[PDB]
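Q: Take this sequence and fold it.
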Amino acid sequence: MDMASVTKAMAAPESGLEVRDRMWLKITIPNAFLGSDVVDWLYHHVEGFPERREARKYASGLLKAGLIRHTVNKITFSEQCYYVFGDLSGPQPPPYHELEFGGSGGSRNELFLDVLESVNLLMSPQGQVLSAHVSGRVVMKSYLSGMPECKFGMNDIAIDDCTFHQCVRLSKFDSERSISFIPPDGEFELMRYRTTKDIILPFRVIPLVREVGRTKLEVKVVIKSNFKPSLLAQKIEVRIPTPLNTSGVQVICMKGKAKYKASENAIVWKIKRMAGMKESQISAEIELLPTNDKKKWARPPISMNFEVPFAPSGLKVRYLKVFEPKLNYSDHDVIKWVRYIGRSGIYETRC
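A: Numbers count the residues shown, from 1 in each chain. Sure, structure below:
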């Protein structure tokens with residue numbers, strides 16, 4: 001078989017080879033294994049080897065091959081030192097520097113993690129959630145020098161299905177709650193996913209519409225923010241659909257502002273931002289012209305758009321270890337920035 005495929009074998013988290021985070025000096029090497037266990041698993045599970053003296057000659061081949069990188073700069077293949085995988089899957093710009101007072105600040109090495117989810121709901125008049133699911137994706141801007149091996153980890157959250165950027169090693173997710181990989185430079189979609197269980201619904205809408213004769217139609221809708229009081233959801237928009245026979249509409253709201261764009265047959269309520277665990281109300285009286293043969297219909301659900309600074313799925317980033325074998329830097333030298341941006345898609349409540 002080919003060398004690449006062989007290593008890829010040890011790769012599977014279930015394979016024989018033990019691979020765990022080891023700690024040397026102050027540093028902490030991510031997903032590393034002993035050079036011995038490699039020669040072991042090499043012959044024990046890899047056939048075509050006469051003696052263990054041949055299983056080691058091969059291992060030395062993988063080191064020169066690159067499929068296996070030396071934790072700390074060393075040319076000869078030792079067996080009593082740790083190792084980390086290379087690029088098992090299928091350009092040098094000038095670096096930055098810390099600004100000093102006439103001085104050479106250490107090279108720049110930071111990364112950005114963006115968790116972008118979109119919540120979609122279809123709640124019933126009384127709260128009975130009907131539709132519900134979150135479509136998310138984790139994007140990453142990499143500004144790391146060389147080819148540092150990284151280990152991304154989060155909580156575990158019943159994730160449904162998902163894809164992963166090629167550079168992602170074969171990482172079990174039900175037991176690891178962490179995947180490994182060699183980050184391509186620049187920005188890329190580390191992974192994608194979609195969940196439906198245990199989703200956090202930012203807002204809850206309590207719609208109340210009453211009929212008073214024909215000309216009168218009362219409306220009182222209240223929204224309840226649902227999340228830590230410390231977090232503020234901004235760019236909020238509520239869309240309440242008015243009948244077609246609308247003659248005149250009067251609105252009242254203590255917070256934000258709300259207009260009645262008839263050109264769209266709906267009242268638009270815009271709220272600068274709103275804290276957690278809080279309620280807000282908007283009420284309005286709708287005038288109706290006697291309905292002389294109106295189209296066939298039922299009240300379009302009340303849509304809602306927003307943006308909350310957290311992961312509507314419950315996903316939270318626990319850590320992103322970075323380690324460069326060739327160069328000297330370890331996590332301690334890397335600046336890590338995260339940011340959750342949960343937006344809203346089809347978020348409607350049955351009128």
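Q: Helices of the stretch 51-200 of the chain, residue ranges please.
A: 52-65 (DSSP state H, counting those that start in this stretch).
Q: need the strands for it, in chain order.
A: 68-70, 82-85, 110-123, 129-143, 149-154, 161-164, 178-181, 186-195 (DSSP state E, counting those that start in this stretch).
Q: Those strands: which one's closest to residue 27?
A: strand 82-85 (10.9 Å; C-beta to C-beta). From N, CA and C alone the C-beta is placed, and that goes for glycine too.
Q: gap between that closest one and the chain center?
A: 28 Å (C-alpha atoms, centre = their mean, to the nearest Å).
Q: hmm, who's touching that strand?
A: Outside strand 82-85, the residues that touch it by C-beta atoms under 8 Å, 6 or more residues apart in numbering are 7, 11, 22, 24, 29-35, 38, 63, 67-71, 149, 169, 180, 323, 325.
Q: redo that, cut-off 10 Å
A: 7-8, 10-11, 19, 22, 24, 29-35, 37-38, 59, 62-63, 66-72, 77, 148-149, 169, 180-182, 323, 325 (C-beta atoms under 10 Å, 6 or more residues apart in numbering).
Q: What would it look like as PDB? C-alpha coordinates only.
A: The C-alpha coordinates for strand 82-85 follow below in PDB (Å, rounded to 0.1, in the frame of the first residue of the first chain):
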ATOM      1  CA  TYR A  82       7.300  12.400  20.700                       C
ATOM      2  CA  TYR A  83       5.900  13.000  17.300                       C
ATOM      3  CA  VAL A  84       2.900  14.700  15.600                       C
ATOM      4  CA  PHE A  85       1.200  14.000  12.300                       C
END
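Q: what pairs with it, and is each one parallel or antiparallel?
A: Strand pairing for strand 82-85, determined by DSSP bridges: strand 29-34 (antiparallel), strand 68-70 (antiparallel).
Q: what helices or strands is the following helix or strand past the first one leaning on?
A: Meaning strand 29-34. Downstream of strand 29-34, the next assigned helix or strand under DSSP states H and E is helix 35-44. Helices and strands touching helix 35-44, by 3 or more C-beta pairs under 10 Å, 6 or more residues apart in numbering; DSSP states H and E, are helix 3-11, helix 52-65, strand 68-70, strand 82-85.
Q: For residue 158, find the nearest of those.
A: helix 3-11 (25.8 Å).
Q: Next SSE downstream of that closest one?
A: Criterion used, DSSP H and E; the element after helix 3-11 is strand 20-22.
Q: how far does that next one sit from the chain's center?
A: 25 Å.
Q: again, but for stretch 136-153
A: Using C-alpha atoms, centre = their mean, the offset of stretch 136-153 from its chain centre is 13 Å.
Q: And for stretch 6-13?
A: For stretch 6-13, the distance to the chain centre is 27 Å (C-alpha atoms, centre = their mean).
Q: Can you tell me the number of residues neighbouring residue 119?
A: 25 (other C-beta atoms under 10 Å).
Q: Please list all residues in contact with it.
A: 132-136, 199-203, 306, 308, 311-313, 342-347.
Q: likewise residue 227?
A: Contacts of residue 227 (C-beta under 10 Å, 6+ apart): 200-203, 233, 275-278, 308-310, 312.
Q: Among those residues, which pair sits farthest apart?
A: So, the contacts of residue 227 by C-beta to C-beta: farthest apart are 278 and 312, at 17.8 Å.
Q: Compare those two (neighbour count), which wins?
A: Just comparing residue 278 and residue 312: by other C-beta under 10 Å the higher neighbour count belongs to residue 312, 25 against 14.
Q: Excluding chain neighbours, give the residue nearest to residue 147 in space.
A: residue 182 (5.2 Å; C-beta to C-beta, 6 or more residues apart in numbering).
Q: Against residue 208, how distant is that neighbour?
A: Counting by C-beta to C-beta, to the nearest Å, the separation of residue 182 from residue 208 is 56 Å.
Q: same deal with residue 256?
A: Counting by C-beta to C-beta, the gap from residue 256 to residue 208 is 19 Å.
Q: Who has more neighbours out of those two?
A: residue 256 (16 against 12).
Q: Hmm, the more buried one is touching residue 272, no?
A: Yes. With contact defined as C-beta atoms under 10 Å, residue 256 reaches residue 272; the gap is 6.2 Å.
Q: and of the strands paired with strand 82-85, who's closest to residue 121?
A: The nearest among the strands paired with strand 82-85, by C-beta to C-beta, is strand 29-34 at 38.1 Å.
Q: Show me what that closest one is in contact with.
A: 10, 13, 17-24, 40-41, 68-69, 71-72, 79-85, 148-151, 169, 171, 176, 178, 180-181, 320-323, 325, 330-331.
Q: And for residue 122, nearest residue in space, chain neighbours not counted?
A: residue 131 (3.5 Å).
Q: I figured that neighbour hits residue 201, correct?
A: No. Judged on C-beta under 10 Å, residue 131 makes no contact with residue 201 at a distance of 11.4 Å.
Q: Which residues are in contact with each of those two?
A: 121, 123, 347.
Q: which among the residues you listed end up buried?
A: The neighbour-count test (16 or more other C-beta atoms under 10 Å) applied to the shared contacts of residue 131 and residue 201 identifies 121, 123, 347 as buried.
Q: Among the residues you listed, which one sits closest to residue 94?
A: Looking across these and measuring by C-beta to C-beta, the closest to residue 94 is residue 347, at 45.5 Å.
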